[PDB]
Each structure stands twice: as C-alpha cells, then as structure tokens.
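This report refers to the structure that appears directly beneath it.
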Amino acid sequence: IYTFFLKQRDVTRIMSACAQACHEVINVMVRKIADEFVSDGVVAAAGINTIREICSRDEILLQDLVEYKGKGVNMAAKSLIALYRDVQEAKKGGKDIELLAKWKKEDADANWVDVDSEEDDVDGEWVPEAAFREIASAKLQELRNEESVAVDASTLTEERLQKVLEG
Amino acid sequence: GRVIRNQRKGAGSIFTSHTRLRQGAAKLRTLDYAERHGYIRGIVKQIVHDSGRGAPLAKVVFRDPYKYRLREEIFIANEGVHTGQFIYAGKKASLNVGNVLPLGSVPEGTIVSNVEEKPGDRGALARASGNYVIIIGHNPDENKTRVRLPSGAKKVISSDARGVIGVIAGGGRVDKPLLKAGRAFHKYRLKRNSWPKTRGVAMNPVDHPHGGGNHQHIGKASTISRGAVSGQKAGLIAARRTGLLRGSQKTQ
RNA sequence: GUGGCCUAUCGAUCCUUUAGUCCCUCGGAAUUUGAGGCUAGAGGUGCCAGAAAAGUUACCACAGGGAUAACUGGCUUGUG
RNA sequence: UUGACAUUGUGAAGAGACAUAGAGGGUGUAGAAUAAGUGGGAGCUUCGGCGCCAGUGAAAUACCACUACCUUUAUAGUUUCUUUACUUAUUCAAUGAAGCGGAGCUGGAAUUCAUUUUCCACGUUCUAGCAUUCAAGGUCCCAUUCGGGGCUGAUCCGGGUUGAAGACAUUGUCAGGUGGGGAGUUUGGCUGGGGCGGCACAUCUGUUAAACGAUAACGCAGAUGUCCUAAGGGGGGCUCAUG
RNA sequence: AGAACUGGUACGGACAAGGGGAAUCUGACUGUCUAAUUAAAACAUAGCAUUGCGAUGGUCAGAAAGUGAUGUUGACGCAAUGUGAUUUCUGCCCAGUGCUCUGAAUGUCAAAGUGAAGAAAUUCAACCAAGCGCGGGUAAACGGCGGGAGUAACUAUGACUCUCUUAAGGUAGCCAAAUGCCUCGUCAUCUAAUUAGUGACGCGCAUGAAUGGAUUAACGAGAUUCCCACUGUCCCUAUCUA
RNA sequence: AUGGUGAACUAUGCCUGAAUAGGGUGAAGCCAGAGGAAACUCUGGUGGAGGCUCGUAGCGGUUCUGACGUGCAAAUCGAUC
RNA sequence: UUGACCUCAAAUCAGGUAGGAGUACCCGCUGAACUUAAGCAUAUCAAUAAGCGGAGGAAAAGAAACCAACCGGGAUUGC
C-alpha cells in the first residue's frame, strides 16, 4: 500500500520515512519489484539495483524479467546529451511523436533524478569528454588513453556506466 | 462427440514420420576416454545443409578406435570454418576458434554445440539440458554451472559436455517477415503439421464454450486451467500477464 | 347454580427425539445394555380428519387437430 | 492433485509445544508490602499463631474454585520435521561391459621439521596429405623352420565399464474438493402460445428493512393464536345516556 | 515497313474471341468445402500480440506398463486461441465473474495414528495435508468506457467545487529567410561607397490544408445506382427452315 | 445398449509416377552511348523473373432460373462465366 | 600349477505332450440397455441377452467345523 498511495510532499516525507524503513528474502523482493514497477510507471536506480539483485539470484519474479526483456542505453545516450549540455531540446527530441515536434515547437522544466535536476538548473542559470566519446562508441580507446595519461586512484582502478555513476 | 482440434494426437497416421527430406539424427557416436576430460578432436568437411530449416550439417565420420570402420555420421556443422578444419580442443593444450570443451574447463563466454547435458554418455537418457554450445558464462564453483538465457529461465547443472564452438545462420530468418507468401503446407510438411491455428466465429456454433454465437465476441475466459479438465483445453493455459513489449530497451 | 341473555370456544400418518410399565423381544438353554411395538408429547405444511413437481435449446424425424384442449385486453376503441 | 500405515532396513540422530500430581514471580499511584476483573467474611487440627490487630482507605492480607501461566526438569514413549558414506529389492541409454576410479615401480611445479599424511598426470591438436591385421624391438621352446605356443609390452583388486539418483519414484482398496470429454435423467397449466432477474401475499407502533413508495417471514425484546384471578353465580337496594 | 493498280466506299469477309468507363458500403488478390436447393461479407495464407516451456517438466491418445506421435526438434524449434496486406492499429481504470500463485497456513479441516470413561459396542475434544477465505498481476481473454477524487451518517443520498482529450457561428502556422522570376524599386540598420548581408508589411509564378466530430490503390462469378454506344423487350402484331 | 465386420467413390497425412495450346505487360543483375567533381540520374537490346493478366483440356458447376423430373440421368445435355 | 554333488542351458534319436469346430444341458470369472415405475436416482428386469476359454460323456455340488431343542439327528441333487 506504500507505493500504492505513494503514487506527494507528505509523500516523500513519510516516503523516505518508511523508505529507509523497508530499506535475502524475495517476497519483499518482488514486492519492491511491482513497487518500482508502477513507480517508473507513473528504486529506479534502486530499481535496476534489485534488478542485478535477482540477476545474481514461474510467477512474478519471472514475468517481471520477461517484461524487462520484452539509465541503461538510454543512460549512455542522454549521457552524451547532458554531456555537451553542461558543456538541448533538439538532442532530447532526437533521443525520444507528433508531440515530439509539438515540443520541437520552466515549461520543459516540469516537463521532463539528481542528474536531471542539476542539468535543468544549470541550463536555466545559463539561459571526461574522453568518457564521452567512449560510451559513445580502438581509435576511441586511442584518444581514450590519450587524454588518459594526458580520486584518480579509484579512477585508474559499461564499466564506464558504473563510472559515470560514481562521477 | 464433437471434439476440438487439440485432441487429435491419438491415431498414428497424420502425425507420424513426414520427413523423407531429411537424413539422420545429430547425437554423437560411441563415447570413450577421449570424448571427455583429456583430449577430443572433431572434424567437418562436407557441410551439407540441414534439411527442413536453416542450418549446416557435416559428415563427421570418426575412424572407430575399436574396429576398422568409418560409419558415415551426419552431425551438426558450424559457420566460420571452410571445407575442412579439424578441431584444436585440448584440455592439457590450449584453446582457439571453434573448439569442443566441457562447461568447466573454460571461462565465461563459451557458445558450444548441442549434444547432451549429462557428464557424457552418447545422448544422455535425458535432454532437459542446453540446446548446444549456446552458453555464456559458467561457474568455477566445483562441477556446478549456472547458465542463463534471455528466454527467462535459470538452470544449475554439471560442467561436462561435448559441444563445439560455432554459429548457425538462423538469426535474421525469423527477423525478416515471410514476404512472398504461399507457406503453410510445404511449410510444415516437415515433421508433422501445426500451423492451422484456426478460427471461425461460427466454426462450431450450438457449442462454443469460449463464447461466440452469431457475433464476434467471446464469453468464458480462454485461460484453461492446467489441472482441472483435459477436455476443455482450447486456447490459453495458465495465464498471468498481458502487455506490449516496445522496441526501446535501455532497462535496468 | 356441568359458566357469561343468545351467537364466537379444532393442530394427520410415516421418519427423528423424549418420558412412562419391570412386562414383551432377547429367534444355540440361561444372564447383563440393546435399533424395531402398545400408551402418552413436541416439531415440518391454517389446500378444512387440514400430503402438489421444476425454472437453458426454432439444430431433425414419426405418430396428430375445425372446441389451436390451454380459463375476461401484452395494442387501437361505437351514439362527442 | 493431497495424506497415514504397509511395501522397506537401521537408531551414534541439531533445535520445540503435550496427554496425572508438588515449590519458584503475580511488583500501576498511595499504604514500608505479593489489595491480580468477580465471589466467599464465622472458619479448618481447637492448649497455643491469624479470627476484625493500629496509620491510610473505592477494593485489606489462612481457607475446597471459572486463571490470562515470563523461564526449566520430569518413568515405559511420541504422527509429520534438513542431514555425508556403506544399500543382495524397482526403473535404466549404450551393450562388440573399450583402455575407468582408489591403491601401486616413477617426473615437474609450490616451501623446509624429516616423506610423500594432500591437489593437475595415464597414445590424434597447422591442412580429407598420412594411419589396422595375435603392435616395430628383447628373454624363454619341437632344430637350424617361408609357421605356431607363455610372460613383459598391456602388472592387480573391484565385476557397481565412460554417465542421473536413491531405502528416492511408479501400481491397488482409502472423507471431501478441480472437470458436461462421455453416458443417463430432467420440460402440467401461469400476460388469447411462449418471450429479464429475484420470488420480500395475511398480525398496532419502533426495530427487523440498504432513508420522502412499497415491502412478507409459526425470527429477536413486553404483551399477543383478542378480553377475565370476579365483568362468575345468588339476595336486597337503586333505575341509565342525550336534550 | 514503305511506294502502285483494281471492285460492291469492298478490307481479322465463315469459324475462334475481354461490351466498356466513372462512385459508396463490405472485403486484400491467388487456393479449398457444403456428393443432391445456399460459391458468400466464412475459413486459410503474409504481419502483429498474449499464455505455456530446463528432460526427475508439460500437452495428446489408451484399461495399464518397460506401448506410440509431438521428438531426424533445443529458446532459431516445439502445442493450443484470437486477429488476417502495408499506412492506420487502447486516453484512463483491476472492486465483481476466470486463470496463475516460489505472496499469506492453524478460522475450518475426514480416516488411520494419538488422548478419557468403559469387562464392551455406539458416540467421541484437540493436532495435520489439500481445497475454500484474503491480496496482487492479467480485460489485443470475456466487461465497463459523458472517466478517475475530496467533502459533520459508523456503512445507505452524491448537491456544490476542482482536474482531464465533457466548450455550436470556421481566426491552424511560416512568409525578400536556401524556397520572391518579376526586383540593382519602398521602409529600417551600417557606410565615402557596397547590385551582397540583417530587420516589417503586401497579391506566395513553384510553401502548408498540424491538431478535430466514424481512412484506401490494384484485383473481382458478392450487392445497389448512373451515363455513352448498341438493341423489334415493350409500344404492337405477323411470316420462314431443320 | 451389447456382440462383429470394410477404404475401388469422397475427405486428410506420408511415400512411389505420368501429364499441363498459343501471347501481351518485361522485375534484379550485366553490356553500349550521353550528362555530372563525387556518393549518381535515363533511353535503346539480351536475359523472362511472378502465390500475375487473357484463354482450351484437366480441375471447377455461379449466371441464361430452359428442356426433363408417373425416376432419358437414384441429379443430365447445350450455351455462358 | 590339477578330477565330483546342487542351481542355471543347448538337438533333426527311442519313448511323450501342446494350439480347435460342433456344442442341448451344466460350471468358474468379468460385464449393459429397453418394459413397469402416485415425476427423476434406489430398486425390479438381472448373479440376464450376446461373446470367450477349459474339463467331462452327464456337469456342478455332495460321505459333515452340516441340520435341531426333539421321540436326539444319519451324505448330495431334483419332482
């Protein structure tokens, strides 16, 4: 019923409350499953979290995977996106239909987590590139180690998806 | 008296052997000390196409160690090799392109061929195993191996098999619509027939337990229970979900 | 002086349950409980000694009828 | 589809709740107290303790009882509970038991406690060019033979050989539950044929009864299958209402 | 193929042989069945979607097994429905009727076993498996579809207000900018000068009918309507031959 | 309801054979010529592809609702599609 | 590094055995519908019709763990 109603201000309030609360046993596993499910519908990170979770590991942990098999790739793309970003509309539209051009025409604000917010704020106020080309695609590896030699610890020590993560 | 076309497999006539076009099976020959942990070498020359579908077959005939005989054995061939290339698969040796090794002597990423799931035995009395080398990573923990496929299932079994690395030109055949139609009879004159899948709002009127009458509408759920009645099983069985899988992935 | 001046002054059988006689049954003599009788209540029918059935099918055939056996409108309403 | 016994042996088996009885704490304010919602207050062996002993005060402290039991043990035992090896019964792919496991004449890699108490070894791995006949070689025999007969080469045990598993699984009589595949049975009359679903007709009010309309029920709480604990019988006296 | 002459202004001279064009609704064309009244708008085929699927599993058939097919298959293939060429192809909802259920198990739960009384029989309180109850998913499988909430009753009326794809007088944009040939012409800006550049309006040779109240080529023994050519069916009767 | 027996016609599956007038329309690829700085844009031949258009037998039986039906035929003949 | 008994097999010989028709009557095993029905099930029809196998020349059954409560009883079947 949590996520249930969950679908406000007081939301995130008691939200984070029982949130950190509920924060091995896959009953609750699949619960949180359908949870983040309807979630994204209307976590996420924690979503693919429990994701790779069942990953390692009939019903309902199974149909879930089926649906999830028919940000990941989207992440990579919008990645280079926000990349040149901080470094927009057109890019988003291309990565996204009649209403695509409808948009193409703070609006986009409400439109549309942490990353998103930051980007938006920066853009409004202004109203790793190696990593860039990298995730983009070897010649790439080339310019890679190029600027490479050109927290550095954990640094030198896909995987780049996790990388952007830490970043 | 009026049955449905799901309860037919009980005559032994229009469901028997319908595949003159093909030749032999695909299961390997006699197993010995070689065809396992130690040293196993395979051959591939006459890459005759697999009859019935889209796959290659080779005349993998081994000179029988027990007796001077070279019985012709049509086995499954692979893509990537030319007209003749022996297998370089040694457990005490190394590894190259197109080799046959068990699911324990190799690291992650090992797509072998299908033959058996049991620790060898020339066609294990079973078969509820893999469909061939088609396997990603394994498991270093003992002789256990946890395989995984995008179909949506898990399996933990042994780590011994006689599958050779190789690919088959099947990807794209089902990805490219049967444009120039005219396919159903010769389609599945292969092994039997199971392609009429077959309608009629008034196919069998004074009956239709599903729902029909004189208008295009069903009534009862087409989701027939598995353990309830074997005389009404016509349509969906053991339903759970229903949606629309989009092309855009990028999921968790 | 066996009620009100006259008029009004009734709870079937079978089945089940309960109470009463020291008798009957006890059918291999005899003995100790014993499901089934006789008498006497309650309850399950107020159709007058007071007992009525089930509710899906214009996909066919045979044997029938001039009171279509089938019981007062399921539509309009004569001299305004 | 599910469960007990038996088929089907054995008890060295990790951790609970019981089938008869005797102690252990009954701690909320105040009263130094264990006054536990309610009941019982003239009492049980009588020489003797408390019978109602003091301050406070809604309840006052032996006494055969409906009692919620925080935590143990308990005599011959206990229906179902994960469990490594050894299994004379079932099923079993190949079967021309094909070169196997442990142990056992031997190297290399890894570092030190006195030596092998452990872990990979044991005929092909650039090419449809090539491959077999009691294996090319040694020792021991009918003699000088163009052949043949042991051992070693290829040593044994095991007889469950390279591969699933196990006192597992399958059969038969065992409450009831899933199911018109099939069989049998089932259609008085009731809107001048028939044609939605339900079957809430008769007791003052409230309730029974889901609200301005209706609305049954030998159901519930007084009375009620109308009334009477003298409105009966009998004697005397009196002679009604309305205008 | 071109160039002449001639006749009845004749010419594929008989025989074979598509009469044709333009719309609406339904429907893709081709293939198959109703032996003997129904040849169609049905079924089937391409495309798309859903359910089920790891061999010690499931489906079909049989009285049973050590019988058979599926299975010469290995997520690429295998069994059962609906939809039936491409463009088009749900806006939202899971309380009821089903299925699935590694979610939730002691309210209820037979016999055997176990526990009292009893020299016996009958009756017989508690424990346990499964089903039922609760909950979620699922409506391209059957519904609903002027929707989904918050409001002095403990559940019974659903006004008012708010959100949304719940609104009767037809005003979609852009337009000297690569789309403007006419044009080195007007206005405005910079400059000694600049036919090039930038910024409005107007009649834009050759840009667009976004979104909204029920969208189509080719093909044809389905049906309806109209026109041209032709026609002794009718008006309006009759004659010849085998 | 019980006890028995069939695949020469019709329908479905597997295996083994034979047979199927004459054309128009001319899809990829290839060749020649011409234009272009490049990724290319066309015409004229050869090749004759296709669940395609017209038209016999075979297959098939919708229209001309005829003739016939006290059975020419236990479902036909001719014509058309 | 060497001979017997038991169990389990393999022929075309002397000497033996097996596979069915008819089938009144009778016996063992398994197993239906219709008629009647103060509606339907239970029940009757019916330890049946039909079909199959074996044995006999009659079969099944029968020389007592049987039948009684009397005057003790003296094998089976059938009218």
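Chain identifiers are assigned as A, B, and so on, following the order in which chains appear in the structure tokens; residues are numbered from 1 within each chain, and ligands are numbered from 1 in order of appearance.
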Selection: 12 Å around residue 51 in chain G, only C-alpha atoms (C1' of nucleotides), excl. self and same-chain fewer than 2 positions, as a ChimeraX atom specification = /F:2-4 /G:30-31,49,53
inquiry  = So that I can check the surroundings of residue 41 in chain G, please list as a ChimeraX atom specification every protein, DNA and RNA residue that reaches within 12 Å of it, counting only C-alpha atoms (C1' of nucleotides) and ignoring chain neighbours fewer than 2 positions away.
reply    = /D:184-186 /G:39,43
Would you put the residues from that selection into a file with N, CA and C atoms (P, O5', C5', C4', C3', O3' and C1' of nucleotides), as a PDB file, in the first residue's frame?
ATOM      1  P     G D 184     -27.558 -41.674 -23.326  1.00  0.00           P
ATOM      2  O5'   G D 184     -28.246 -41.767 -21.893  1.00  0.00           O
ATOM      3  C5'   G D 184     -28.509 -43.026 -21.293  1.00  0.00           C
ATOM      4  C4'   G D 184     -28.825 -42.883 -19.824  1.00  0.00           C
ATOM      5  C3'   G D 184     -29.985 -41.962 -19.477  1.00  0.00           C
ATOM      6  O3'   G D 184     -31.250 -42.583 -19.623  1.00  0.00           O
ATOM      7  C1'   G D 184     -28.141 -41.459 -18.092  1.00  0.00           C
ATOM      8  P     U D 185     -32.497 -41.747 -20.196  1.00  0.00           P
ATOM      9  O5'   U D 185     -32.925 -40.808 -18.983  1.00  0.00           O
ATOM     10  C5'   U D 185     -33.363 -41.364 -17.749  1.00  0.00           C
ATOM     11  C4'   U D 185     -33.368 -40.332 -16.649  1.00  0.00           C
ATOM     12  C3'   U D 185     -34.208 -39.091 -16.906  1.00  0.00           C
ATOM     13  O3'   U D 185     -35.587 -39.292 -16.639  1.00  0.00           O
ATOM     14  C1'   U D 185     -32.082 -38.448 -16.101  1.00  0.00           C
ATOM     15  P     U D 186     -36.700 -38.594 -17.564  1.00  0.00           P
ATOM     16  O5'   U D 186     -36.691 -37.070 -17.095  1.00  0.00           O
ATOM     17  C5'   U D 186     -37.000 -36.718 -15.754  1.00  0.00           C
ATOM     18  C4'   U D 186     -36.615 -35.290 -15.454  1.00  0.00           C
ATOM     19  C3'   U D 186     -37.235 -34.231 -16.352  1.00  0.00           C
ATOM     20  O3'   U D 186     -38.556 -33.888 -15.971  1.00  0.00           O
ATOM     21  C1'   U D 186     -34.918 -33.825 -16.140  1.00  0.00           C
TER      22        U D 186
ATOM     23  P     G G  39     -44.267 -41.135  -8.710  1.00  0.00           P
ATOM     24  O5'   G G  39     -43.571 -40.221  -9.814  1.00  0.00           O
ATOM     25  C5'   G G  39     -44.278 -39.832 -11.007  1.00  0.00           C
ATOM     26  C4'   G G  39     -43.320 -39.247 -12.016  1.00  0.00           C
ATOM     27  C3'   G G  39     -41.848 -39.572 -11.790  1.00  0.00           C
ATOM     28  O3'   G G  39     -41.476 -40.739 -12.516  1.00  0.00           O
ATOM     29  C1'   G G  39     -42.118 -37.231 -11.937  1.00  0.00           C
ATOM     30  P     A G  43     -29.670 -50.295  -6.440  1.00  0.00           P
ATOM     31  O5'   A G  43     -31.054 -51.078  -6.522  1.00  0.00           O
ATOM     32  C5'   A G  43     -31.639 -51.652  -5.361  1.00  0.00           C
ATOM     33  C4'   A G  43     -33.107 -51.933  -5.565  1.00  0.00           C
ATOM     34  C3'   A G  43     -33.450 -52.880  -6.705  1.00  0.00           C
ATOM     35  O3'   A G  43     -33.309 -54.246  -6.351  1.00  0.00           O
ATOM     36  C1'   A G  43     -34.830 -50.972  -6.832  1.00  0.00           C
TER      37        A G  43
END
Chain E contacts to chain B at 10 Å (only C-alpha atoms (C1' of nucleotides)) as a PyMOL selection string = chain E and resi 30-31+42-47+49-62+68-83+85+97-101+137-143
ask   = DSSP says strand (DSSP E) for which residues of range 33-234 of chain B? Put them as JSON, numbers by chain?
value = {"B": [48, 49, 56, 57, 58, 75, 76, 145, 146, 147, 148, 149, 153, 154, 155, 156, 157, 223, 224]}
Would you write out those residues with N, CA and C atoms, as a PDB file, in the first residue's frame?
ATOM      1  N   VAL B  48      26.886 -30.169 -45.809  1.00  0.00           N
ATOM      2  CA  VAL B  48      25.562 -30.290 -46.406  1.00  0.00           C
ATOM      3  C   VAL B  48      24.521 -29.585 -45.537  1.00  0.00           C
ATOM      4  N   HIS B  49      23.661 -28.796 -46.170  1.00  0.00           N
ATOM      5  CA  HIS B  49      22.654 -28.021 -45.454  1.00  0.00           C
ATOM      6  C   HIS B  49      21.655 -28.923 -44.732  1.00  0.00           C
ATOM      7  N   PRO B  56      23.570 -25.833 -40.995  1.00  0.00           N
ATOM      8  CA  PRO B  56      24.533 -26.687 -41.697  1.00  0.00           C
ATOM      9  C   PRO B  56      24.736 -28.042 -41.021  1.00  0.00           C
ATOM     10  N   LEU B  57      25.030 -29.067 -41.817  1.00  0.00           N
ATOM     11  CA  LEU B  57      25.350 -30.390 -41.291  1.00  0.00           C
ATOM     12  C   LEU B  57      26.650 -30.900 -41.904  1.00  0.00           C
ATOM     13  N   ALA B  58      27.475 -31.552 -41.092  1.00  0.00           N
ATOM     14  CA  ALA B  58      28.752 -32.071 -41.564  1.00  0.00           C
ATOM     15  C   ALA B  58      28.777 -33.595 -41.549  1.00  0.00           C
ATOM     16  N   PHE B  75      26.496 -35.126 -38.663  1.00  0.00           N
ATOM     17  CA  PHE B  75      26.319 -34.328 -37.456  1.00  0.00           C
ATOM     18  C   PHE B  75      26.159 -32.849 -37.789  1.00  0.00           C
ATOM     19  N   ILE B  76      25.961 -32.030 -36.762  1.00  0.00           N
ATOM     20  CA  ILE B  76      25.724 -30.604 -36.947  1.00  0.00           C
ATOM     21  C   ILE B  76      27.014 -29.836 -37.218  1.00  0.00           C
ATOM     22  N   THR B 145      27.388 -25.459 -12.726  1.00  0.00           N
ATOM     23  CA  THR B 145      27.389 -24.426 -13.755  1.00  0.00           C
ATOM     24  C   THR B 145      26.023 -23.759 -13.860  1.00  0.00           C
ATOM     25  N   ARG B 146      25.990 -22.448 -13.643  1.00  0.00           N
ATOM     26  CA  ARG B 146      24.743 -21.694 -13.705  1.00  0.00           C
ATOM     27  C   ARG B 146      24.595 -20.975 -15.040  1.00  0.00           C
ATOM     28  N   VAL B 147      23.819 -21.565 -15.943  1.00  0.00           N
ATOM     29  CA  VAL B 147      23.580 -20.975 -17.254  1.00  0.00           C
ATOM     30  C   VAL B 147      22.423 -19.980 -17.202  1.00  0.00           C
ATOM     31  N   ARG B 148      22.323 -19.143 -18.229  1.00  0.00           N
ATOM     32  CA  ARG B 148      21.274 -18.133 -18.292  1.00  0.00           C
ATOM     33  C   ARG B 148      20.972 -17.730 -19.733  1.00  0.00           C
ATOM     34  N   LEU B 149      19.686 -17.632 -20.054  1.00  0.00           N
ATOM     35  CA  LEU B 149      19.250 -17.241 -21.392  1.00  0.00           C
ATOM     36  C   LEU B 149      18.194 -16.141 -21.316  1.00  0.00           C
ATOM     37  N   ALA B 153      14.663 -17.923 -17.854  1.00  0.00           N
ATOM     38  CA  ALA B 153      14.754 -19.108 -17.006  1.00  0.00           C
ATOM     39  C   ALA B 153      16.174 -19.323 -16.486  1.00  0.00           C
ATOM     40  N   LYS B 154      16.293 -20.108 -15.421  1.00  0.00           N
ATOM     41  CA  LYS B 154      17.589 -20.409 -14.822  1.00  0.00           C
ATOM     42  C   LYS B 154      17.799 -21.917 -14.708  1.00  0.00           C
ATOM     43  N   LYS B 155      19.061 -22.336 -14.696  1.00  0.00           N
ATOM     44  CA  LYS B 155      19.398 -23.751 -14.590  1.00  0.00           C
ATOM     45  C   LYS B 155      20.799 -23.959 -14.022  1.00  0.00           C
ATOM     46  N   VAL B 156      20.907 -24.846 -13.038  1.00  0.00           N
ATOM     47  CA  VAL B 156      22.201 -25.213 -12.478  1.00  0.00           C
ATOM     48  C   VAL B 156      22.437 -26.716 -12.644  1.00  0.00           C
ATOM     49  N   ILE B 157      23.436 -27.065 -13.447  1.00  0.00           N
ATOM     50  CA  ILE B 157      23.738 -28.464 -13.732  1.00  0.00           C
ATOM     51  C   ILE B 157      25.232 -28.746 -13.627  1.00  0.00           C
ATOM     52  N   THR B 223      -8.489 -18.897 -20.762  1.00  0.00           N
ATOM     53  CA  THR B 223      -7.368 -19.361 -19.957  1.00  0.00           C
ATOM     54  C   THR B 223      -7.737 -20.636 -19.207  1.00  0.00           C
ATOM     55  N   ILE B 224      -7.585 -21.773 -19.876  1.00  0.00           N
ATOM     56  CA  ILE B 224      -7.952 -23.062 -19.298  1.00  0.00           C
ATOM     57  C   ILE B 224      -6.924 -23.516 -18.266  1.00  0.00           C
TER      58      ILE B 224
END
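With only C-alpha atoms (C1' of nucleotides) taken into account, chain B has residues 204, 205, 206 and 207 of chain B at most 12 Å from chain C.
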Could those residues be written to a file, using C-alpha atoms, as a CSV table (one decimal), in the first residue's frame?
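Once written, out38.csv looks like this:
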chain,number,residue,atom,x,y,z
B,204,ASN,CA,-18.8,-24.8,-34.3
B,205,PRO,CA,-21.9,-22.8,-33.2
B,206,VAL,CA,-24.6,-24.8,-30.9
B,207,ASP,CA,-21.3,-25.4,-28.8
task = If you run DSSP over the backbone, which residues in range 53-122 of chain A end up helix (DSSP H, G or I)? Put them as JSON, numbers by chain.
result = {"A": [53, 54, 55, 56, 63, 64, 65, 66, 67, 73, 74, 75, 76, 77, 78, 79, 80, 81, 82, 83, 84, 85, 86, 89, 90, 91, 92, 93, 94, 95, 98, 99, 100, 101, 102, 103, 104, 107, 108, 109, 110, 111, 114, 115, 116, 117, 118, 119, 120, 121, 122]}
When you look at residue 42 in chain C with a cut-off of 12 Å (counting only C-alpha atoms (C1' of nucleotides)), what residues show up, excluding the ones that are within fewer than 4 positions of it in the same chain? I need them as a PDB file with N, CA and C atoms (P, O5', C5', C4', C3', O3' and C1' of nucleotides), in the first residue's frame.
ATOM      1  P     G C  11     -56.702 -28.466  19.339  1.00  0.00           P
ATOM      2  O5'   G C  11     -56.170 -29.234  18.049  1.00  0.00           O
ATOM      3  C5'   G C  11     -54.857 -29.787  18.014  1.00  0.00           C
ATOM      4  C4'   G C  11     -54.459 -30.186  16.616  1.00  0.00           C
ATOM      5  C3'   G C  11     -53.120 -30.915  16.511  1.00  0.00           C
ATOM      6  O3'   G C  11     -53.176 -32.029  15.596  1.00  0.00           O
ATOM      7  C1'   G C  11     -53.054 -28.900  15.229  1.00  0.00           C
ATOM      8  P     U C  16     -36.971 -43.480  12.790  1.00  0.00           P
ATOM      9  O5'   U C  16     -36.437 -42.115  13.417  1.00  0.00           O
ATOM     10  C5'   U C  16     -35.252 -41.502  12.926  1.00  0.00           C
ATOM     11  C4'   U C  16     -35.069 -40.119  13.498  1.00  0.00           C
ATOM     12  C3'   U C  16     -35.113 -40.013  15.015  1.00  0.00           C
ATOM     13  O3'   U C  16     -33.886 -40.369  15.630  1.00  0.00           O
ATOM     14  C1'   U C  16     -36.473 -38.331  14.068  1.00  0.00           C
ATOM     15  P     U C  17     -33.886 -41.183  17.017  1.00  0.00           P
ATOM     16  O5'   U C  17     -34.248 -40.082  18.110  1.00  0.00           O
ATOM     17  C5'   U C  17     -33.390 -38.975  18.343  1.00  0.00           C
ATOM     18  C4'   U C  17     -34.046 -37.942  19.225  1.00  0.00           C
ATOM     19  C3'   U C  17     -34.586 -38.448  20.554  1.00  0.00           C
ATOM     20  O3'   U C  17     -33.585 -38.573  21.547  1.00  0.00           O
ATOM     21  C1'   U C  17     -36.214 -37.095  19.503  1.00  0.00           C
ATOM     22  P     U C  18     -33.676 -39.751  22.639  1.00  0.00           P
ATOM     23  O5'   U C  18     -34.744 -39.217  23.694  1.00  0.00           O
ATOM     24  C5'   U C  18     -34.503 -38.033  24.439  1.00  0.00           C
ATOM     25  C4'   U C  18     -35.734 -37.592  25.188  1.00  0.00           C
ATOM     26  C3'   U C  18     -36.365 -38.628  26.106  1.00  0.00           C
ATOM     27  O3'   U C  18     -35.711 -38.728  27.359  1.00  0.00           O
ATOM     28  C1'   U C  18     -38.047 -37.610  24.794  1.00  0.00           C
ATOM     29  P     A C  19     -35.708 -40.123  28.159  1.00  0.00           P
ATOM     30  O5'   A C  19     -37.125 -40.155  28.884  1.00  0.00           O
ATOM     31  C5'   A C  19     -37.475 -39.172  29.847  1.00  0.00           C
ATOM     32  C4'   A C  19     -38.932 -39.255  30.222  1.00  0.00           C
ATOM     33  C3'   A C  19     -39.417 -40.610  30.713  1.00  0.00           C
ATOM     34  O3'   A C  19     -39.115 -40.847  32.077  1.00  0.00           O
ATOM     35  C1'   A C  19     -40.925 -39.773  29.101  1.00  0.00           C
TER      36        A C  19
END
key: Å distance separating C1' of residue 101 in chain D from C1' of residue 119 in chain D, one decimal place   = 16.3 Å
ask   = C1' of residue 27 in chain F to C1' of residue 46 in chain F: how many Å, to one decimal?
value = 15.2 Å
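For the atom pair formed by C1' of residue 163 in chain D and CA of residue 42 in chain B, the distance is 20.5 Å, given to one decimal.
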inquiry  = I'd like the contact shell of residue 30 in chain F - 12 Å cut-off, only C-alpha atoms (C1' of nucleotides), skipping same-chain residues fewer than 2 positions apart - returned as a ChimeraX atom specification.
reply    = /F:28,32,45-47
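Once range 167-178 of chain E and its same-chain neighbours fewer than 4 positions away are set aside, residues 204, 207, 208, 210 and 211 of chain E remain within 9 Å of it when counting only C-alpha atoms (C1' of nucleotides).
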request  = With a distance cut-off of 8 Å and only C-alpha atoms (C1' of nucleotides), select the neighbouring residues of residue 123 in chain B, excluding the residue or stretch itself and same-chain residues fewer than 5 positions from it, and output the selection as a PyMOL selection string.
outcome  = (chain B and resi 27-28+115-116) or (chain D and resi 93)
task = Within 9 Å of chain B, which residues of chain D are there when counting only C-alpha atoms (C1' of nucleotides)? Please give them as an MDAnalysis selection string.
result = chainID D and resid 1 92:94 96 98:100 124:125 127:128 132 162:164 178:179 181:182
Within 12 Å of range 68-79 of chain G using only C-alpha atoms (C1' of nucleotides), minus same-chain residues under 3 positions, as a ChimeraX atom specification = /C:28-29 /G:59-64
